[PDB]
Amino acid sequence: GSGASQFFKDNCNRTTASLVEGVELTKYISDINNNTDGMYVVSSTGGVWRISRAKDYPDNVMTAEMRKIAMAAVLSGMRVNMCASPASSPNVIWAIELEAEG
């Protein structure tokens, strides 16, 4: 139906992060070079994001699911909604929503 769930929006708006709706991810990147170490995605229009990571339970779970959502979007063409931080370049994903429809 397009558009993040109201739940997802409400959650994002109570933070400093920015809602990004209806993104098509077309690249998934793994990098271990010491300066650019991380997991990233790139959208059809060139937007770049870094995926959050955590070693500890329970965020080690959510961040692993963020990766699975990112890769499934890339393989499937499914769109995502993102709650993303403007602190850095690239912006960091703090929440992500995979949509069958909206």
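Don't overthink the numbering: it's just position in the shown sequence, from 1. In this text, rigid core is short for the largest set of C-alphas that superpose within 1.5 Å between two forms.
Per-stretch RMS Cα distance to the displayed form in 4 other deposited structures of this protein, following rigid core alignment, is highest for 87-95 when 87-95 and 74-82 are compared. Stretch comparison (79-87 versus 21-29) by mean CA B-factor in the PDB entry places 79-87 on top.
Looking at mean Cα B-factors across 32-40 and 64-72, the upper value is held by 32-40. Per the PDB record, residue ranking by Cα B-factor puts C12 in the highest third of the chain.
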